[PDB]
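Comments concern the structure below.
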Amino acid sequence: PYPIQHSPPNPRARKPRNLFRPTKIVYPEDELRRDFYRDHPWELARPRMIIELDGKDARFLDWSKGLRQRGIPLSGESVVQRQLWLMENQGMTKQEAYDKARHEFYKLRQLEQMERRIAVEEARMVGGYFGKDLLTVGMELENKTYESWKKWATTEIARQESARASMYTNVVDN
Amino acid sequence: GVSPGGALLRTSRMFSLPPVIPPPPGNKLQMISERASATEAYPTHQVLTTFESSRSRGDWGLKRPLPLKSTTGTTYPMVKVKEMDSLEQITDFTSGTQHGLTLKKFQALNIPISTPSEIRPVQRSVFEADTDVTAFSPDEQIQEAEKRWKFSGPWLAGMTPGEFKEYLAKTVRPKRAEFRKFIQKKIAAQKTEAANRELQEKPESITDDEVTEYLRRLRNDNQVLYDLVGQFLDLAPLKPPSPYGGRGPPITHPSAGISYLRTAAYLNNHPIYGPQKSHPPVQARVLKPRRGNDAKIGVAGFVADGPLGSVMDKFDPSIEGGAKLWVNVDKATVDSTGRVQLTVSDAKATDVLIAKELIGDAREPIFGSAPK
Amino acid sequence: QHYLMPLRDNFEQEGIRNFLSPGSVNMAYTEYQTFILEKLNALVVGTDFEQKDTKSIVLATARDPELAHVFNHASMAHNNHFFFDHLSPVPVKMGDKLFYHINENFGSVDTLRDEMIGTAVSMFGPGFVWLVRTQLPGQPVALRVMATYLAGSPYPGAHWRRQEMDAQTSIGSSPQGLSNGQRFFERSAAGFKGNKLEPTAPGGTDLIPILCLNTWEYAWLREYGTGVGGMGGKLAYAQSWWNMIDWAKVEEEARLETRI
Amino acid sequence: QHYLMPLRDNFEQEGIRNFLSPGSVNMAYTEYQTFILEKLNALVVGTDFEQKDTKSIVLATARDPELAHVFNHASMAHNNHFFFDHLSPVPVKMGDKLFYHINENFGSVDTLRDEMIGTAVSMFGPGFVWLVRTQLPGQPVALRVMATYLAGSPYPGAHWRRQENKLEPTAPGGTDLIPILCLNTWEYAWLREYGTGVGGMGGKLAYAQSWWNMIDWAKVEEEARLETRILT
């Protein structure tokens, strides 16, 4: 059949092809996601689960309240959905809505980093000890790998010496 | 008008995956490696997680369940999907801890990102209403353009001779008509100045004579002209006659979304000793000793220059695990290319011994045993 | 998402008659617990703890230095309800088995009464006073009192955040200061290195919290007020709390072995 | 015997315009401060700390498990008063000499507002947020935001020290500070007035927000000692 057209087909084409080819699904948010995540590349390092629980996640999302919604985490998507709302409902421009929704995102992320620091410092003031932080564990792993590289370097270095000595011939033992 | 099935997909979680952003910019006229690629400057794919109950089954919310061999066993479940379904009918994935934990390490240093400073240290935050702004209006003159960070035009000094030709011909040349109108709007305002001033004590300005003649008056003063062309194309200022444009504007947000802290002016209160002087040190690796006219050190996954001063002089194969020295991270900033450059400064002696007290490595404890 | 659950015997609508007015129990549980869950939900909104229980979060985020803030809310939402649940609508007569066993570990009910009450005021800070059940592999079921700080877990699996002694007024230069200081360092060094200080049986069966006492400010700052001049205050709050302890449930949760 | 000192500008009856009400200040200072002082008098009855002031008791009875009850009531009684001693009746302007130094350490005033309020809300425990003045290598006049917990005092003399005066001037790795501004986060001050804070409205957040518009910046500048470029 004639597949669903997710974009206005080229009207200037007189002999169009691929009339039975499914078309790409593009939304207005795709252009906003690319702008945000490019301005915040390390926002991709923050893990995000794309595994749905029951599919009923868009039922409690009211983007007129703020960035914090029920069921979904505060990520670059909440900024996009908040931007799209202001840009459409409040009649704001792409940049205006972007600034407003972007600054609300920072004030919420700053508090997250401040909690980790104070929560730990507060626990030790009452006799609370923790395990190995990520900084220490990361360094210990490099040692085990660096040592393995040292074994590979010394083995190859010694190996190359034989090649340098085997180039010339001294079997006569003059 | 969209069917109910098409409305759920739009709000689904897999449809929220961001497109793969281009890799960190590198030197166009250089050589690279093809059959081998190491970790990138900043991440390009989204790092995913899953429930521990779903990880035992390989279910990550993808086309198919992933294998349990290279996906289970680790503490932090992270993965990057380069292709949900390749020509081999397999989800081309790879471990994402290379960048997932590097963010957790940097955020464990508790240091913000400040605007670069030219060489009186003035560490100004990045997220501020004056500087961190992308929306603008045609009323803001050059004096406000120094605050902005996201420009629409390219950096001329950075573009290559070929990339510059394409810009002049396909982006600049087909704008003369629209630019002439831009001058008319300005000339229309100048005529209103005298009228307004004289009234206290606008003209349509559509006339090719004034526009053409107005440009002939600025040929002697080419400086004021550049300020007008840049405003029409939104170019990053280059000549001082300022906003740290020597290396060019950033290709991303000045923070790159790695740390959202604004200030480092705090004092972590130690339980016993009390408020400390500086921040706790961080152990750093030693890479590429001097004997290259500079030494590299690995601070929390990042590579930065060593302190301006052994371990840095010569390589020592005998040292197990490699040379490791304690150091304090002074300043951190994001350059134009997007790299995270750290101003690693040498650490004190008492701080290191104090940081080890809570670890059990200090030879002689500072509490109790220390007589002086 | 974690949601609030009704109380034991309609304490939200009516509240205990002689212990906490309905308005106080309203601000103590329905409002504060809701505030903690609102914060907790946002923290585990997209993590593995989105469907885990409070206790499961308490044990899972006990030692993680990056999830200490998540432990506070999870440990606070748990201890808070653990306290209100044990409260009874009316006074309950202490069980014979429980009464007889308490005398073997504290000498008399009045001795344990003044200990927990005294420990609460002597702490001069928010926390929880617990009546723990200590049972070693071979030792009998011995009871004791443990006082936790702002958000401390009496469970053995969460020993990383027990928070028994304040490191501000307990570590100095005096003989007791040095002794306490060594322990504070011995734990941190061992915990960091992974070494186990005190052996513990598998399954966390060594300690089983039976009773609790919430000494936080929001619980009593409204009902009994500050307590200027001895009238009311934190002291009266603890005393009045001794009259609404569900000794029947406390005895059941104890699970004392038959030794009579 | 220590007596209750009257508030700065008779806030007992009038109270602050929008920060607190007379009923709240009654429970915050009038009643609570009396509770601590009344219990502190019974602990220094005819002792070395009988006539000593609040600050002296803190430094003297510093880090002593046998004097815990003394340091507790002493420090709290002192810090509590220091908090009310910097609340102006109306919003006062910030001096230019102080406004300049705030931008040299924090970059802007908004950054300072978020740090002080952000540090308070993100505590989970009763404490006091301080804005202290110190001296660091490269920054003679350096301002820092420090967060004191349940009973910790910002002064350096209330921390452990080494021998050989035998006691050192500062603690290991520590420094000498000058407490300028304070912020009480105990439930005695904000719970009644602003409630718990469910749904964002009111609570501890709104409390710290109103506290920023009633700071006696005039006094904050005096205790800063911006003229003393070198401190010891």
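Within each chain, counting starts at residue 1; across the structure tokens, chains are named A, B, ... in the order shown, with ligands numbered 1 upward in that order.
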Which chain A residues have any atom within 6 Å of an atom of chain B, and for each, what is the nearest pair of atoms with distance in Å to one decimal, counting only C-alpha atoms, rows sorted by chain and number, as a tab-separated table?
```
residue	atom	partner	partner_atom	distance
A:33	CA	B:18	CA	5.8
A:39	CA	B:252	CA	4.1
A:40	CA	B:257	CA	4.3
A:41	CA	B:256	CA	5.7
A:42	CA	B:258	CA	5.2
A:43	CA	B:257	CA	5.4
A:44	CA	B:46	CA	4.7
A:45	CA	B:100	CA	4.6
A:47	CA	B:47	CA	4.8
A:48	CA	B:48	CA	5.0
A:49	CA	B:49	CA	5.0
A:50	CA	B:13	CA	4.8
A:51	CA	B:61	CA	4.0
A:95	CA	B:135	CA	4.8
A:96	CA	B:135	CA	5.5
A:110	CA	B:260	CA	5.2
A:125	CA	B:271	CA	5.2
A:135	CA	B:105	CA	5.8
A:143	CA	B:321	CA	4.3
A:146	CA	B:321	CA	5.9
A:147	CA	B:321	CA	5.6
```
Exercise for the section: May I have all residues of range 228-362 of chain B that DSSP, computed from the backbone, assigns to strand (DSSP E), given as an MDAnalysis selection string? Expected result: chainID B and resid 269:270 274:275 282:285 296:299 302:305 324:334 340:346
Handout entry: chain D contacts on chain B, only C-alpha atoms, 9 Å, as a ChimeraX atom specification
Key = /B:120-125,128,262-278,350-351,354,366-368,370-372
Resulting file, chosen residues, N, CA and C atoms, as a short mmCIF file (atom, residue, chain, number, x, y, z; two decimals), in the first residue's frame:
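Once everything was written out, this is result05.cif:
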```cif
data_model
loop_
_atom_site.label_atom_id
_atom_site.label_comp_id
_atom_site.auth_asym_id
_atom_site.auth_seq_id
_atom_site.Cartn_x
_atom_site.Cartn_y
_atom_site.Cartn_z
N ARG B 120 46.69 37.44 39.47
CA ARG B 120 45.37 37.95 39.82
C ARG B 120 44.28 36.98 39.35
N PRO B 121 44.19 35.83 40.01
CA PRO B 121 43.20 34.83 39.59
C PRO B 121 41.78 35.26 39.96
N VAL B 122 40.90 35.26 38.96
CA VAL B 122 39.50 35.62 39.14
C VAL B 122 38.68 34.47 38.56
N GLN B 123 38.25 33.55 39.42
CA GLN B 123 37.50 32.37 38.98
C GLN B 123 36.02 32.73 38.98
N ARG B 124 35.50 33.08 37.81
CA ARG B 124 34.09 33.42 37.64
C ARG B 124 33.32 32.20 37.16
N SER B 125 32.13 32.01 37.71
CA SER B 125 31.31 30.87 37.33
C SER B 125 30.88 30.98 35.87
N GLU B 128 25.73 32.03 34.67
CA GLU B 128 25.31 33.32 35.19
C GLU B 128 24.46 34.03 34.15
N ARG B 262 28.93 26.06 40.71
CA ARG B 262 29.25 27.43 40.33
C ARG B 262 30.46 28.00 41.06
N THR B 263 30.67 27.63 42.32
CA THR B 263 31.76 28.19 43.11
C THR B 263 32.46 27.08 43.88
N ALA B 264 33.76 27.29 44.11
CA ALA B 264 34.57 26.40 44.93
C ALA B 264 34.95 27.04 46.26
N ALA B 265 34.33 28.17 46.60
CA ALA B 265 34.64 28.90 47.83
C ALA B 265 33.89 28.27 49.01
N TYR B 266 34.39 27.11 49.43
CA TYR B 266 33.87 26.43 50.60
C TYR B 266 35.02 25.74 51.32
N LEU B 267 34.75 25.31 52.55
CA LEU B 267 35.75 24.68 53.41
C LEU B 267 35.15 23.41 53.99
N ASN B 268 35.58 22.26 53.48
CA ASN B 268 35.12 20.99 54.02
C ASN B 268 35.57 20.85 55.47
N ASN B 269 34.60 20.71 56.37
CA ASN B 269 34.88 20.62 57.80
C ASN B 269 35.30 19.20 58.15
N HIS B 270 36.57 19.01 58.49
CA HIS B 270 37.05 17.70 58.89
C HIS B 270 36.45 17.33 60.25
N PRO B 271 36.11 16.06 60.47
CA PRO B 271 35.50 15.69 61.76
C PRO B 271 36.33 16.09 62.97
N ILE B 272 37.60 15.67 63.01
CA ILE B 272 38.44 15.88 64.18
C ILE B 272 39.18 17.20 64.06
N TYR B 273 39.98 17.35 63.01
CA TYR B 273 40.85 18.52 62.90
C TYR B 273 40.04 19.79 62.68
N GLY B 274 38.89 19.70 62.02
CA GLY B 274 38.06 20.85 61.78
C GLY B 274 38.20 21.37 60.36
N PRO B 275 37.79 22.61 60.13
CA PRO B 275 37.87 23.17 58.77
C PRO B 275 39.30 23.17 58.26
N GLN B 276 39.50 22.54 57.10
CA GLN B 276 40.81 22.44 56.51
C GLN B 276 41.14 23.71 55.71
N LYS B 277 42.40 23.82 55.31
CA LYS B 277 42.85 24.97 54.54
C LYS B 277 42.40 24.87 53.09
N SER B 278 42.82 23.81 52.40
CA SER B 278 42.48 23.58 51.01
C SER B 278 41.67 22.30 50.88
N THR B 350 51.02 18.14 54.54
CA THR B 350 50.09 17.81 55.61
C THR B 350 48.76 17.30 55.07
N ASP B 351 48.30 17.87 53.95
CA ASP B 351 47.03 17.45 53.38
C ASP B 351 47.07 15.98 52.98
N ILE B 354 46.96 13.82 55.94
CA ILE B 354 45.63 13.90 56.54
C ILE B 354 44.64 13.07 55.74
N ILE B 366 48.50 11.06 62.71
CA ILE B 366 48.62 12.43 63.20
C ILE B 366 47.91 12.62 64.53
N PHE B 367 46.95 11.75 64.86
CA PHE B 367 46.18 11.87 66.09
C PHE B 367 46.78 10.97 67.16
N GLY B 368 46.97 11.53 68.35
CA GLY B 368 47.45 10.76 69.48
C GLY B 368 48.95 10.55 69.48
N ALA B 370 51.28 11.50 67.36
CA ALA B 370 52.03 12.69 66.98
C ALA B 370 52.36 13.53 68.20
N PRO B 371 53.64 13.61 68.61
CA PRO B 371 53.98 14.44 69.77
C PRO B 371 54.15 15.91 69.41
N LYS B 372 54.50 16.17 68.16
CA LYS B 372 54.70 17.54 67.69
C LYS B 372 54.55 17.62 66.18
#
```
Exercise for the section: Just the residues within 9 Å of residue 250 in chain C, please, counting only C-alpha atoms, with nothing from its chain fewer than 4 positions along; format it as a PyMOL selection string. Expected result: chain C and resi 86+98+210-211+245-246+254
The selected residues should be written to file as a PDB file, in the first residue's frame (atoms: C-alpha atoms).
```pdb
ATOM      1  CA  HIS C  86       5.058   0.152  67.468  1.00  0.00           C
ATOM      2  CA  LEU C  98       9.381 -10.273  77.787  1.00  0.00           C
ATOM      3  CA  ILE C 210      12.526  -4.508  68.408  1.00  0.00           C
ATOM      4  CA  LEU C 211      11.587  -1.026  69.643  1.00  0.00           C
ATOM      5  CA  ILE C 245       4.588   0.975  73.822  1.00  0.00           C
ATOM      6  CA  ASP C 246       2.917  -2.067  72.236  1.00  0.00           C
ATOM      7  CA  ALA C 254      11.693 -10.278  69.764  1.00  0.00           C
TER       8      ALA C 254
END
```
Handout entry: Neighbour list for residue 146 in chain C as a list in words, cut-off 7 Å, only C-alpha atoms, skip fewer than 2 positions in-chain
Key = residues 129, 130, 131, 132, 144 and 148 of chain C
Handout entry: Contacts of range 328-337 of chain B at 7 Å (only C-alpha atoms; same-chain gap of 6+ positions) as an MDAnalysis selection string
Key = chainID B and resid 24:25 113:116 247:251 254:255 281:282 343:347
Handout entry: Shortest interatomic distance to residue 67 in chain D - which of C:252, C:184, C:122, C:190, counting only C-alpha atoms
Key =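 For residue 67 in chain D, the nearest of the given residues is C:122.
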Exercise for the section: Show me which bits of chain D are within 8 Å of chain C, counting only C-alpha atoms, as a PyMOL selection string. Expected result: chain D and resi 27+31-32+34-35+62-65+67-69+71-72+124-125+150-152+159-160+187-188+191-192+196-199
Exercise for the section: Identify, on the basis of only C-alpha atoms, every residue whose closest approach to range 79-83 of chain A does not exceed 12 Å; exclude the query and any residue fewer than 6 positions from it along the same chain; express the result as a PyMOL selection string. Expected result: (chain A and resi 27-37+40+43+58+61-69+72-73+89-106+108) or (chain B and resi 10-11+16+18)
Can I get the selection written as an mmCIF file, in the first residue's frame, with C-alpha atoms?
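Wrote it out as result-v6.cif, contents follow:
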```
data_model
loop_
_atom_site.group_PDB
_atom_site.id
_atom_site.type_symbol
_atom_site.label_atom_id
_atom_site.label_comp_id
_atom_site.auth_asym_id
_atom_site.auth_seq_id
_atom_site.Cartn_x
_atom_site.Cartn_y
_atom_site.Cartn_z
ATOM 1 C CA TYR A 27 9.368 15.058 15.326
ATOM 2 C CA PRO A 28 9.988 18.681 16.351
ATOM 3 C CA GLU A 29 11.912 17.407 19.388
ATOM 4 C CA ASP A 30 14.644 15.740 17.316
ATOM 5 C CA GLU A 31 16.059 19.155 16.418
ATOM 6 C CA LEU A 32 16.017 20.248 20.067
ATOM 7 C CA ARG A 33 17.662 17.083 21.397
ATOM 8 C CA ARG A 34 20.579 17.552 19.003
ATOM 9 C CA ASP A 35 21.076 21.174 20.055
ATOM 10 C CA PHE A 36 21.020 20.418 23.788
ATOM 11 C CA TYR A 37 23.151 17.272 23.887
ATOM 12 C CA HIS A 40 26.122 19.341 26.946
ATOM 13 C CA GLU A 43 25.166 14.799 29.725
ATOM 14 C CA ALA A 58 3.275 9.813 29.476
ATOM 15 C CA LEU A 61 3.686 14.179 32.521
ATOM 16 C CA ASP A 62 2.338 17.725 32.915
ATOM 17 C CA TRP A 63 5.028 20.040 31.548
ATOM 18 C CA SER A 64 3.273 23.186 32.797
ATOM 19 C CA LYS A 65 4.567 22.529 36.327
ATOM 20 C CA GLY A 66 8.315 22.326 35.777
ATOM 21 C CA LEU A 67 11.241 20.130 34.846
ATOM 22 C CA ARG A 68 10.647 17.641 37.669
ATOM 23 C CA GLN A 69 7.955 15.168 36.597
ATOM 24 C CA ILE A 72 11.015 10.070 34.412
ATOM 25 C CA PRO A 73 14.470 11.278 35.511
ATOM 26 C CA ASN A 89 2.002 27.481 24.587
ATOM 27 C CA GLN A 90 3.711 30.620 25.912
ATOM 28 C CA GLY A 91 4.660 31.619 22.358
ATOM 29 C CA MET A 92 8.370 31.852 23.149
ATOM 30 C CA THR A 93 11.128 31.618 20.572
ATOM 31 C CA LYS A 94 13.458 28.636 20.312
ATOM 32 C CA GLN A 95 16.256 30.539 22.055
ATOM 33 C CA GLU A 96 14.090 32.230 24.691
ATOM 34 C CA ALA A 97 12.445 28.967 25.742
ATOM 35 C CA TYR A 98 15.845 27.258 25.601
ATOM 36 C CA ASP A 99 17.396 29.685 28.091
ATOM 37 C CA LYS A 100 14.520 29.448 30.575
ATOM 38 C CA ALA A 101 14.303 25.648 30.462
ATOM 39 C CA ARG A 102 18.103 25.375 30.484
ATOM 40 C CA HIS A 103 18.654 27.467 33.618
ATOM 41 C CA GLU A 104 16.035 25.537 35.592
ATOM 42 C CA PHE A 105 18.047 22.431 34.700
ATOM 43 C CA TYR A 106 21.258 23.796 36.222
ATOM 44 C CA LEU A 108 18.461 21.336 40.012
ATOM 45 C CA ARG B 10 6.616 9.633 20.322
ATOM 46 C CA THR B 11 6.752 9.589 24.130
ATOM 47 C CA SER B 16 14.054 9.723 23.270
ATOM 48 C CA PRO B 18 19.535 11.572 21.204
#
```
Per residue of chain C within 7 Å of chain A, note the shortest atom pair and the distance in Å to one decimal, counting only C-alpha atoms, and order the rows by chain and increasing residue number, as a tab-separated table.
```
residue	atom	partner	partner_atom	distance
C:45	CA	A:73	CA	5.4
C:46	CA	A:73	CA	5.2
C:63	CA	A:130	CA	4.6
C:64	CA	A:131	CA	6.2
C:65	CA	A:130	CA	5.6
C:66	CA	A:116	CA	5.8
C:67	CA	A:116	CA	7.0
C:68	CA	A:119	CA	5.6
C:69	CA	A:119	CA	5.2
C:149	CA	A:126	CA	6.7
C:160	CA	A:129	CA	5.4
C:161	CA	A:128	CA	4.8
C:162	CA	A:128	CA	6.6
C:163	CA	A:127	CA	4.6
C:164	CA	A:127	CA	6.3
C:165	CA	A:127	CA	5.7
C:166	CA	A:126	CA	4.1
C:167	CA	A:125	CA	5.1
C:168	CA	A:125	CA	6.6
C:184	CA	A:127	CA	6.8
C:188	CA	A:129	CA	5.3
C:191	CA	A:131	CA	5.9
C:192	CA	A:131	CA	4.5
```
Grab the residues selected above and save them as a PDB file, in the first residue's frame with N, CA and C atoms.
```pdb
ATOM      1  N   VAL C  45      14.370   8.058  40.818  1.00  0.00           N
ATOM      2  CA  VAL C  45      13.352   8.175  39.779  1.00  0.00           C
ATOM      3  C   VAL C  45      13.721   7.348  38.556  1.00  0.00           C
ATOM      4  N   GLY C  46      15.013   7.151  38.312  1.00  0.00           N
ATOM      5  CA  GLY C  46      15.455   6.426  37.138  1.00  0.00           C
ATOM      6  C   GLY C  46      16.611   5.485  37.404  1.00  0.00           C
ATOM      7  N   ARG C  63      27.190   1.825  52.435  1.00  0.00           N
ATOM      8  CA  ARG C  63      28.610   2.134  52.360  1.00  0.00           C
ATOM      9  C   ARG C  63      28.982   2.984  51.156  1.00  0.00           C
ATOM     10  N   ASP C  64      28.127   3.056  50.147  1.00  0.00           N
ATOM     11  CA  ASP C  64      28.449   3.809  48.946  1.00  0.00           C
ATOM     12  C   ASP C  64      28.637   5.280  49.303  1.00  0.00           C
ATOM     13  N   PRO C  65      29.838   5.844  49.150  1.00  0.00           N
ATOM     14  CA  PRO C  65      30.020   7.260  49.499  1.00  0.00           C
ATOM     15  C   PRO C  65      29.299   8.213  48.565  1.00  0.00           C
ATOM     16  N   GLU C  66      28.883   7.760  47.385  1.00  0.00           N
ATOM     17  CA  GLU C  66      28.177   8.614  46.443  1.00  0.00           C
ATOM     18  C   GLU C  66      26.666   8.577  46.621  1.00  0.00           C
ATOM     19  N   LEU C  67      26.140   7.600  47.361  1.00  0.00           N
ATOM     20  CA  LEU C  67      24.710   7.491  47.619  1.00  0.00           C
ATOM     21  C   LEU C  67      24.361   7.750  49.080  1.00  0.00           C
ATOM     22  N   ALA C  68      25.206   8.489  49.801  1.00  0.00           N
ATOM     23  CA  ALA C  68      24.919   8.776  51.202  1.00  0.00           C
ATOM     24  C   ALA C  68      23.623   9.560  51.354  1.00  0.00           C
ATOM     25  N   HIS C  69      23.372  10.508  50.451  1.00  0.00           N
ATOM     26  CA  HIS C  69      22.141  11.286  50.520  1.00  0.00           C
ATOM     27  C   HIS C  69      20.909  10.424  50.280  1.00  0.00           C
ATOM     28  N   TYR C 149      22.156   8.419  65.410  1.00  0.00           N
ATOM     29  CA  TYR C 149      22.103   9.850  65.156  1.00  0.00           C
ATOM     30  C   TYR C 149      21.127  10.109  64.004  1.00  0.00           C
ATOM     31  N   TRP C 160      27.897   0.623  58.312  1.00  0.00           N
ATOM     32  CA  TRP C 160      28.677   1.750  57.821  1.00  0.00           C
ATOM     33  C   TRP C 160      28.097   3.084  58.264  1.00  0.00           C
ATOM     34  N   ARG C 161      26.800   3.134  58.555  1.00  0.00           N
ATOM     35  CA  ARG C 161      26.114   4.360  58.939  1.00  0.00           C
ATOM     36  C   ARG C 161      25.374   4.178  60.255  1.00  0.00           C
ATOM     37  N   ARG C 162      25.984   3.467  61.204  1.00  0.00           N
ATOM     38  CA  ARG C 162      25.365   3.321  62.518  1.00  0.00           C
ATOM     39  C   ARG C 162      25.248   4.671  63.211  1.00  0.00           C
ATOM     40  N   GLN C 163      26.326   5.453  63.193  1.00  0.00           N
ATOM     41  CA  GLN C 163      26.337   6.803  63.748  1.00  0.00           C
ATOM     42  C   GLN C 163      25.947   6.789  65.227  1.00  0.00           C
ATOM     43  N   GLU C 164      26.780   6.120  66.025  1.00  0.00           N
ATOM     44  CA  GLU C 164      26.529   5.991  67.455  1.00  0.00           C
ATOM     45  C   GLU C 164      27.102   7.162  68.247  1.00  0.00           C
ATOM     46  N   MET C 165      28.364   7.507  68.003  1.00  0.00           N
ATOM     47  CA  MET C 165      29.065   8.531  68.763  1.00  0.00           C
ATOM     48  C   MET C 165      29.362   9.739  67.886  1.00  0.00           C
ATOM     49  N   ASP C 166      29.157  10.929  68.446  1.00  0.00           N
ATOM     50  CA  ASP C 166      29.469  12.166  67.745  1.00  0.00           C
ATOM     51  C   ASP C 166      30.977  12.385  67.742  1.00  0.00           C
ATOM     52  N   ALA C 167      31.533  12.654  66.564  1.00  0.00           N
ATOM     53  CA  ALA C 167      32.966  12.870  66.416  1.00  0.00           C
ATOM     54  C   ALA C 167      33.395  14.284  66.778  1.00  0.00           C
ATOM     55  N   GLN C 168      32.498  15.090  67.344  1.00  0.00           N
ATOM     56  CA  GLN C 168      32.806  16.461  67.728  1.00  0.00           C
ATOM     57  C   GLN C 168      33.111  16.603  69.211  1.00  0.00           C
ATOM     58  N   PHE C 184      37.464   5.392  65.888  1.00  0.00           N
ATOM     59  CA  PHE C 184      37.002   6.117  64.708  1.00  0.00           C
ATOM     60  C   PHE C 184      37.932   5.890  63.525  1.00  0.00           C
ATOM     61  N   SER C 188      37.241   3.349  60.032  1.00  0.00           N
ATOM     62  CA  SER C 188      37.371   3.934  58.702  1.00  0.00           C
ATOM     63  C   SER C 188      38.425   3.204  57.879  1.00  0.00           C
ATOM     64  N   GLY C 191      37.052  -0.395  57.249  1.00  0.00           N
ATOM     65  CA  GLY C 191      35.958  -0.324  56.295  1.00  0.00           C
ATOM     66  C   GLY C 191      36.437  -0.005  54.893  1.00  0.00           C
ATOM     67  N   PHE C 192      37.348   0.962  54.771  1.00  0.00           N
ATOM     68  CA  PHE C 192      37.883   1.314  53.461  1.00  0.00           C
ATOM     69  C   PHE C 192      38.640   0.140  52.854  1.00  0.00           C
TER      70      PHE C 192
END
```
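Here the alpha helix (DSSP H) residues in range 254-360 of chain B, by DSSP on the backbone, are residues 349, 350, 351, 352, 353, 354, 355, 356 and 357 of chain B.
With only C-alpha atoms as the basis for measurement, A:111 is the residue among A:172, A:157, A:111, A:26 that approaches chain D most closely.
Between CA of residue 106 in chain C and CA of residue 154 in chain C lies a distance of 19.5 Å.
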Practice task
Return the single residue from A:14, A:107, A:9, A:76 that is closest to chain D, with distances computed using only C-alpha atoms.
Solution key: A:107
Handout entry: Point-to-point distance from CA of residue 19 in chain D to CA of residue 214 in chain D, Å rounded to tenths
Key =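 The value is 7.2 Å.
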